[PDB]
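Notes to accompany the following structure.
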Amino acid sequence: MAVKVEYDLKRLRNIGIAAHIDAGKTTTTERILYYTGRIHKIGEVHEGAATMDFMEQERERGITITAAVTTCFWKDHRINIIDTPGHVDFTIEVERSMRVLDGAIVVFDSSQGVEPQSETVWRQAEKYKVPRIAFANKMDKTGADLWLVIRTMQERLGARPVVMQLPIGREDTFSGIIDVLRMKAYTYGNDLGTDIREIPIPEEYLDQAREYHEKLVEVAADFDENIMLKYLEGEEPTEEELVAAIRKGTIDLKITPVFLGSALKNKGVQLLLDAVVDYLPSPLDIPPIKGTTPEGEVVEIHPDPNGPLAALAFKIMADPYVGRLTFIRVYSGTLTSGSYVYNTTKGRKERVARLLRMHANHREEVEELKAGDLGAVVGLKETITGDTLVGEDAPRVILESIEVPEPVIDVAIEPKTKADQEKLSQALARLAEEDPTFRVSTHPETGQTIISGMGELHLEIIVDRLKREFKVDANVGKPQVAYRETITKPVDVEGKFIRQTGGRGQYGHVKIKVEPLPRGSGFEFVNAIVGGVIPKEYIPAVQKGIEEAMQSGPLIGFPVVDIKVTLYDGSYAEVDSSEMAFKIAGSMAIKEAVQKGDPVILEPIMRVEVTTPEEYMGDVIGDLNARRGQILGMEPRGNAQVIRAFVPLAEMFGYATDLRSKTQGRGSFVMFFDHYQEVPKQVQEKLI
């Protein structure tokens, strides 16, 4: 539609943002919305629920978060800010977004470049197959070298930037834009110097431009055989042919545009918005597509709001103004205001008062929400994230199959006055819905939490969250190891218990041989007996006394596993003997035999296979030996070299920053616990 009900979505521009600053997204976004919408409110600097600790990091390294939805109009071209604000750690919503969006957009202040985190956002952009651009804004601000960013693209992805412009001046001197294919420039006036005068290209950029009209016809021939065939023929194709090809090519992600300039003093900006429309599409410029039913039919999701509804619920806040804003994305179908609207994976209609699209710090109210669209509901004052919704009219599609952040920094946690535990299970209950950047698990002995999460940065963001919202006090324990205890040498003992209680004497005597035994036996009892002496009558108790002194091991008192017990001798006489006496007598016997049979505690032993360069072996080898590594071989993976090793759990627990530092030369790694092995003995003895 070219009528509103659909048209805001039918001209929409799904952009997914990574940015640095100075220009960047957050430094730029409000007054550049002033330069075409003549208003605007962003709200990311700096927003809770967490961030006032790691706000400075957020800005450089992804960009600032909380601005995610925006609609604005250039000449009925609805020009849009859409999800993925900046986060590189929190990438459930990035995975959701790359399947949704069309433009993955890197913003610079022109002296910035491609970071680790930029590389990560390209891999995520890659995974769900988006077109992308870069724009070097603030070319009139120092350090501004376009060609390293071109160079780095050529280098880093091995691949094709495409030069969209030449500038006139650079870092310290920018003042005009050269179109390199139409071979002409435009210069930009004042403080508000969107004042354009179409000047020539000066000689100094003519040749790179000419190469580039040539490269831009070249590039155009790459998406339309008529332009190649005319190029081939001896025509050079014409602008319009090229304009039509570039759209084809861009939506097929066959290019990566690199732009420059400086929108800072308004310069040219309104006219640029027309190139957005030209080469990128709407989310309604795709058809009905498939998700699979609960009975296993592939099933039509409709990019066509007229069709079957399909929705994901992704973001819950509580509010004073509605009480509760519940943010939802519709994938297909039309959800209308003033109604009760359907959740399939709950099974119910809940009551919509108003339908809104929620921006950073503010609402805009709407009649309806459609196939590809997002917004916030008024009404529904308990409805939750993480259900899958399809309509009353729909087949029951799959919309969601996204992969989650995953850990590399482990923390055991303990609240301390128990009042901080009280407002901790509240704080944990909140963080548990909200945070896919950790993994939680319960030591249930204590009832304590052992978190693993998603990086130093993730743990910073937690910390950040803690200082703001939680108001909780806690002692964070170590990343820590599990045990077993065991005998190593066999030793041969006796147990006696002869004392009076209950009128008469109580008398237990047993003679055991206690041995090391292989695993998954647990206990093993051999009765050399042949009844009497250490008699059969008293055995289940006499075995019971061993069974309970297995549970306390003889080092720090952790369970002692797999030992072979041969019961051979003893004595008894009932008027003075008892089976419990015999139990206690058996109980006594063992502790000494296992102790003199040289016991040890066992710590969980990991097997690790690590992809590295092979002379990066001499980078890694001192860390690996400190980390107690024992090489099992060196095997290439992909292309690059996987060193195998066996490692006891306890030394790895610092790593995560150094970890992104260790993930070199087509880097990767796997890890599993395999078996227990013994804890360094001198240290071991200290724990007791």
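So you can find residues: chains in the structure tokens are A, B, ... in the order shown, residues in each start at 1, and ligands are numbered from 1 in order.
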Which residues, written as number ranges by chain, have at least one atom at most 12 Å from residue 318 (chain A), with only C-alpha atoms counted and residues fewer than 6 positions away on the same chain left out?
-> A: 49, 324-327, 378, 380-384, 430
Kindly export the residues of the current selection with N, CA, C and O atoms, as an mmCIF file, in the first residue's frame.
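Generated file (part-v5.cif):
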```cif
data_model
loop_
_atom_site.group_PDB
_atom_site.id
_atom_site.type_symbol
_atom_site.label_atom_id
_atom_site.label_comp_id
_atom_site.auth_asym_id
_atom_site.auth_seq_id
_atom_site.Cartn_x
_atom_site.Cartn_y
_atom_site.Cartn_z
ATOM 1 N N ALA A 49 18.691 -0.515 31.885
ATOM 2 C CA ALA A 49 18.913 -0.963 33.290
ATOM 3 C C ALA A 49 20.302 -1.186 33.849
ATOM 4 O O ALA A 49 20.468 -1.049 35.005
ATOM 5 N N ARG A 324 3.417 -0.986 31.943
ATOM 6 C CA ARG A 324 4.087 -2.107 31.293
ATOM 7 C C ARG A 324 4.017 -1.902 29.833
ATOM 8 O O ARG A 324 2.959 -1.890 29.208
ATOM 9 N N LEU A 325 5.200 -1.684 29.188
ATOM 10 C CA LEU A 325 5.328 -1.848 27.794
ATOM 11 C C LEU A 325 5.890 -3.212 27.401
ATOM 12 O O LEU A 325 6.909 -3.657 27.868
ATOM 13 N N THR A 326 5.126 -3.912 26.584
ATOM 14 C CA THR A 326 5.458 -5.113 25.985
ATOM 15 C C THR A 326 5.754 -4.883 24.506
ATOM 16 O O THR A 326 4.849 -4.567 23.690
ATOM 17 N N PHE A 327 7.074 -4.911 24.114
ATOM 18 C CA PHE A 327 7.511 -4.747 22.663
ATOM 19 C C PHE A 327 7.356 -6.106 21.884
ATOM 20 O O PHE A 327 7.874 -7.159 22.316
ATOM 21 N N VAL A 378 -0.091 -0.882 24.144
ATOM 22 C CA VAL A 378 -0.720 -0.458 25.408
ATOM 23 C C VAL A 378 -1.908 -1.333 25.668
ATOM 24 O O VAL A 378 -2.548 -1.788 24.710
ATOM 25 N N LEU A 380 -2.466 -5.276 27.395
ATOM 26 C CA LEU A 380 -1.612 -6.458 27.659
ATOM 27 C C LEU A 380 -0.561 -6.368 28.743
ATOM 28 O O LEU A 380 0.630 -6.568 28.497
ATOM 29 N N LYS A 381 -0.969 -6.234 30.028
ATOM 30 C CA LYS A 381 -0.126 -5.538 31.000
ATOM 31 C C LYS A 381 0.640 -6.560 31.804
ATOM 32 O O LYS A 381 1.276 -6.306 32.832
ATOM 33 N N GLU A 382 0.627 -7.839 31.261
ATOM 34 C CA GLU A 382 1.387 -8.942 31.757
ATOM 35 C C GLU A 382 2.025 -9.758 30.660
ATOM 36 O O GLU A 382 2.926 -10.516 31.043
ATOM 37 N N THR A 383 1.636 -9.619 29.405
ATOM 38 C CA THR A 383 2.211 -10.409 28.353
ATOM 39 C C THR A 383 3.675 -10.283 28.056
ATOM 40 O O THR A 383 4.230 -9.221 28.090
ATOM 41 N N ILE A 384 4.311 -11.422 27.880
ATOM 42 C CA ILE A 384 5.703 -11.740 28.006
ATOM 43 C C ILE A 384 6.449 -11.972 26.723
ATOM 44 O O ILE A 384 5.953 -12.226 25.613
ATOM 45 N N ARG A 430 14.743 -11.431 37.783
ATOM 46 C CA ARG A 430 14.826 -10.392 36.748
ATOM 47 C C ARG A 430 15.941 -10.654 35.711
ATOM 48 O O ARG A 430 15.686 -10.813 34.526
#
```
Within 8 Å of residue 112 (chain A), counting only C-alpha atoms, which residues qualify if same-chain residues fewer than 4 places away don't, as a VMD selection string?
-> chain A and resid 20 108 136 144
Only N, CA and C atoms, please: the residues just picked out, written as a PDB file, in the first residue's frame.
```
ATOM      1  N   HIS A  20      31.079   3.508  15.899  1.00  0.00           N
ATOM      2  CA  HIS A  20      32.115   4.010  16.779  1.00  0.00           C
ATOM      3  C   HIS A  20      31.520   5.427  17.127  1.00  0.00           C
ATOM      4  N   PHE A 108      31.301   5.636  10.863  1.00  0.00           N
ATOM      5  CA  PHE A 108      32.506   6.210  11.399  1.00  0.00           C
ATOM      6  C   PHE A 108      32.395   7.669  11.516  1.00  0.00           C
ATOM      7  N   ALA A 136      32.005   6.984   6.273  1.00  0.00           N
ATOM      8  CA  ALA A 136      32.979   7.782   6.929  1.00  0.00           C
ATOM      9  C   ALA A 136      32.353   9.158   6.976  1.00  0.00           C
ATOM     10  N   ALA A 144      41.517  11.383   8.951  1.00  0.00           N
ATOM     11  CA  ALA A 144      40.457  10.760   8.122  1.00  0.00           C
ATOM     12  C   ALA A 144      40.910  10.087   6.817  1.00  0.00           C
TER      13      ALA A 144
END
```
Within 6 Å of residue 104 (chain A), counting only C-alpha atoms, which residues qualify if same-chain residues fewer than 3 places away don't, as a PyMOL selection string?
-> chain A and resi 15-16+132
Save the residues we just selected, C-alpha atoms, as a compact mmCIF listing (two decimals), in the first residue's frame?
```txt
# COMPACT_ATOMS: atom_id res chain seq x y z
CA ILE A 15 18.93 -0.96 9.07
CA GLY A 16 21.10 -2.77 11.54
CA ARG A 132 25.92 -3.79 4.21
```
Please give the complete set of residues from region 365-468 of chain A that DSSP, run on the backbone, assigns to strand (DSSP E), formatted as JSON, numbers by chain.
-> {"A": [365, 366, 368, 369, 374, 375, 376, 377, 378, 379, 388, 389, 390, 409, 410, 411, 412, 413, 414, 415, 438, 439, 442, 443, 448, 449, 450, 451, 452, 453]}
Can you tell me how far CA of residue 481 (chain A) sits from CA of residue 674 (chain A), in Å to one decimal?
->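 Result for CA of residue 481 (chain A) versus CA of residue 674 (chain A): 13.5 Å, one decimal.
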Could you check which of A:399, A:199, A:106, A:512 is closest to residue 131 (chain A), using only C-alpha atoms?
->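 Comparing A:399, A:199, A:106, A:512 against residue 131 (chain A), the winner is A:106.
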Excluding residue 63 (chain A) and residues on its chain fewer than 5 positions from it, collect all residues at most 12 Å away from it, counting only C-alpha atoms, and give them as a PyMOL selection string.
-> chain A and resi 16-29+44-46+54-58+68+84-89+105-108+117-118+121
Please dump the current selection as a PDB file, in the first residue's frame; keep C-alpha atoms.
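The file below, out.pdb, is the result:
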```
ATOM      1  CA  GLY A  16      21.103  -2.765  11.540  1.00  0.00           C
ATOM      2  CA  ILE A  17      23.622  -0.495  13.277  1.00  0.00           C
ATOM      3  CA  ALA A  18      27.291  -0.904  14.318  1.00  0.00           C
ATOM      4  CA  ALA A  19      29.098   2.286  15.065  1.00  0.00           C
ATOM      5  CA  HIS A  20      32.115   4.010  16.779  1.00  0.00           C
ATOM      6  CA  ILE A  21      31.730   7.710  17.825  1.00  0.00           C
ATOM      7  CA  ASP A  22      32.661  11.355  17.205  1.00  0.00           C
ATOM      8  CA  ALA A  23      30.438  10.954  14.281  1.00  0.00           C
ATOM      9  CA  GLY A  24      29.438   7.286  14.750  1.00  0.00           C
ATOM     10  CA  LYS A  25      25.716   6.461  15.281  1.00  0.00           C
ATOM     11  CA  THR A  26      25.165   8.017  18.727  1.00  0.00           C
ATOM     12  CA  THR A  27      27.179  11.084  18.440  1.00  0.00           C
ATOM     13  CA  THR A  28      25.432  11.793  14.996  1.00  0.00           C
ATOM     14  CA  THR A  29      21.757  10.574  15.230  1.00  0.00           C
ATOM     15  CA  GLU A  44      21.064   5.899  24.500  1.00  0.00           C
ATOM     16  CA  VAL A  45      23.647   8.062  26.449  1.00  0.00           C
ATOM     17  CA  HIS A  46      23.504   6.387  28.960  1.00  0.00           C
ATOM     18  CA  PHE A  54      30.591   0.458  30.681  1.00  0.00           C
ATOM     19  CA  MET A  55      29.104   3.177  28.653  1.00  0.00           C
ATOM     20  CA  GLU A  56      32.425   4.556  27.463  1.00  0.00           C
ATOM     21  CA  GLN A  57      33.330   1.069  26.093  1.00  0.00           C
ATOM     22  CA  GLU A  58      29.795   0.736  24.427  1.00  0.00           C
ATOM     23  CA  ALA A  68      16.214   0.945  17.924  1.00  0.00           C
ATOM     24  CA  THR A  84      20.502  -4.153  16.502  1.00  0.00           C
ATOM     25  CA  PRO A  85      21.455  -0.838  18.065  1.00  0.00           C
ATOM     26  CA  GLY A  86      25.084  -1.546  18.859  1.00  0.00           C
ATOM     27  CA  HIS A  87      25.492  -4.627  21.064  1.00  0.00           C
ATOM     28  CA  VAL A  88      28.024  -7.244  19.934  1.00  0.00           C
ATOM     29  CA  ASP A  89      27.731  -9.387  23.026  1.00  0.00           C
ATOM     30  CA  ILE A 105      25.428  -0.160   8.520  1.00  0.00           C
ATOM     31  CA  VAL A 106      29.001   0.733   9.886  1.00  0.00           C
ATOM     32  CA  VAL A 107      29.231   4.397  10.989  1.00  0.00           C
ATOM     33  CA  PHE A 108      32.506   6.210  11.399  1.00  0.00           C
ATOM     34  CA  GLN A 117      34.067  -6.300  17.119  1.00  0.00           C
ATOM     35  CA  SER A 118      33.441  -5.081  13.518  1.00  0.00           C
ATOM     36  CA  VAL A 121      29.406  -8.041  13.501  1.00  0.00           C
TER      37      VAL A 121
END
```
Residue 314 (chain A) environment, 7 Å, only C-alpha atoms, sequence neighbours closer than 4 positions dropped, as a CSV table (one decimal) with N, CA and C atoms, in the first residue's frame:
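Saved the output as out-v7.csv:
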```csv
chain,number,residue,atom,x,y,z
A,327,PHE,N,7.1,-4.9,24.1
A,327,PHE,CA,7.5,-4.7,22.7
A,327,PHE,C,7.4,-6.1,21.9
A,328,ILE,N,6.7,-6.0,20.6
A,328,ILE,CA,6.6,-7.2,19.8
A,328,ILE,C,7.0,-6.8,18.3
A,385,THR,N,7.8,-11.8,26.8
A,385,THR,CA,8.7,-12.1,25.7
A,385,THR,C,8.8,-13.6,25.5
A,386,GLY,N,9.2,-14.1,24.3
A,386,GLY,CA,9.7,-15.5,24.1
A,386,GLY,C,8.7,-16.6,23.8
```
Using backbone DSSP assignments, extract all helix (DSSP H, G or I) residues from region 189-335 of chain A; output them as a PyMOL selection string.
-> chain A and resi 203-221+225-233+239-251+263-265+269-279
Could you name the residues that touch residue 39 (chain A) at 8 Å or less, counting only C-alpha atoms, but leaving out those on the same chain fewer than 6 positions away, as an NGL selection string?
-> :A and (30-31 or 33)
A:422, A:373, A:235, A:548 ranked by distance to residue 588 (chain A), top pick (using only C-alpha atoms) |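 Going through A:422, A:373, A:235, A:548 one by one, the smallest distance to residue 588 (chain A) is for A:548.
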Which residue gives the smallest distance to residue 452 (chain A) among A:653, A:483, A:558, A:646, with only C-alpha atoms counted?
-> A:653
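Using only C-alpha atoms, the nearest neighbour of residue 154 (chain A) within the list A:67, A:501, A:226, A:256 is A:256.
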By how many Å are CA of residue 519 (chain A) and CA of residue 493 (chain A) apart?
->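 Distance reported for this atom pair: 22.7 Å.
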Which is closest to residue 169 (chain A) among A:147, A:525, A:205, A:470, if we use only C-alpha atoms?
->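 Answer, going by the shortest atom-to-atom distance: A:205.
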Which residue of A:249, A:372, A:350, A:465 approaches residue 287 (chain A) most closely, using only C-alpha atoms = A:372
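Computed from the coordinates, the CA of residue 477 (chain A) to CA of residue 449 (chain A) distance equals 9.7 Å.
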